[PDB]
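Colleague: Dropping a structure here in structure tokens format, bear with me for questions.
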Number of protein chains: 2
Amino acid sequence: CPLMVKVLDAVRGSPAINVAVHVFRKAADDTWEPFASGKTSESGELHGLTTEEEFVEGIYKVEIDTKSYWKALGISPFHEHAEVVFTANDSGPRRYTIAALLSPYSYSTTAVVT
Amino acid sequence: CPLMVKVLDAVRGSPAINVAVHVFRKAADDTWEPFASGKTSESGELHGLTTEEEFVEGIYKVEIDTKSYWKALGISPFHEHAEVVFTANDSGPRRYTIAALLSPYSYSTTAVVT
């Protein structure tokens, strides 16, 4: 599992469940190619997005559909979604955990690379 | 000043000075049209990006060139940049302050709408 996503809800103090996440890879022609997608589990985590074979160096964009999430909770969010753009494995493959902490008008995201 | 951006450095405890910011507006054909750009001042603030006349309803993307910033400090950042995507003025014009707090492997962004 070289790429894992974790999403938390700062309003309820719990994992953000069933959040849609879409991963894109920057294409040779500078366009974002769809790469992987899924929904966070009951623990707010999303595993098995790729394999180390498929996860080559490139620029990747993780897009978290935060708007849908809040709407479901009857809350009016500010952001269309949260995006995390980063260059991966440029210095060889690592294990990346992208964590996002969500609030209606704010979000933070941190990368734990190992 | 309907749109203001403020950036802080969490490693140095100071405003992030000379940070490039590019604002885009979602075009009719779903493409991002360049809308405004500038650099934060010595106070970590960017003013005068638009006028209320020009700042119409739409989906906007604020891109903060975090990578350049950290590179200049001789630090190797994780993110390519920080993006903030939101729908603006859908319910009439508001004043938007987008604040970003930066670290090499993490960033948070909050919106204060008045």
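Note that chain A carries Swiss-Prot numbering, so the residues on display, from first to last, are 30-143.
Header entry for method reads X-ray crystallography, 2.0 Å.
From the backbone N, Cα and C atoms, a Cβ is placed for every residue, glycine too.
Not my notes, these are from Swiss-Prot:
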BINDING   A:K35, A:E74, A:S137  L-thyroxine binding site
CARBOHYD  A:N118  N-linked glycosylation site
MOD_RES   A:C30  sulfocysteine
MOD_RES   A:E62  4-carboxyglutamate
MOD_RES   A:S72  phosphoserine
Colleague: Take the C-alpha atoms of A:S137 (L-thyroxine binding site) and A:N118 (N-linked glycosylation site) and report the distance between them in angstrom, rounded.
Modeller: 23
Colleague: Between the Cα atoms of A:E74 (L-thyroxine binding site) and the residue listed as 'sulfocysteine', what distance do you get, rounded to the nearest Å?
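Modeller: Cα of A:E74 (L-thyroxine binding site) to Cα of the residue listed as 'sulfocysteine' measures 12 Å after rounding.
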Colleague: Just name the recorded positions among A:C30, A:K35, A:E62, A:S137 whose Cβ comes within less than 8 Å of a chain B Cβ; none is a fine answer.
Modeller: A:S137
Colleague: When the Cα-Cα distance from A:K35 (L-thyroxine binding site) is computed for each of the recorded positions A:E62, A:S72, A:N118, which gives the smallest value?
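Modeller: Closest by Cα distance to A:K35 (L-thyroxine binding site) among the recorded positions A:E62, A:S72, A:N118: A:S72.
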Colleague: Please find which two of A:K35, A:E74, A:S137 have the most distant C-alpha atoms, given that the record lists them as binding L-thyroxine, and give only that distance in angstrom, rounded to a whole number.
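Modeller: Roughly 16 Å, rounded to the nearest whole number.
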Colleague: For A:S72 (phosphoserine), which residues in the same chain are close in space, meaning a Cβ under 8 Å from its Cβ, but six or more apart along the sequence?
Modeller: A:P44
Colleague: Select one residue from A:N118, A:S137: among these recorded positions, choose the one with the most other Cβ atoms within 10 Å of its Cβ.
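Modeller: Per the Cβ count, the most surrounded site is A:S137.
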Colleague: Let me make sure I understand the structure: which of the recorded positions listed (A:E62, A:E74) has the fewest other Cβ atoms within 10 A of its Cβ?
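Modeller: Selected from the recorded positions A:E62, A:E74 on minimum Cβ neighbours within 10 Å: A:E62.
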Colleague: Cβ distance under 8 Å to the residue listed as 'sulfocysteine', same chain, sequence separation 6 or more: which residues?
Modeller: A:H76, A:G77, A:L78, A:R124
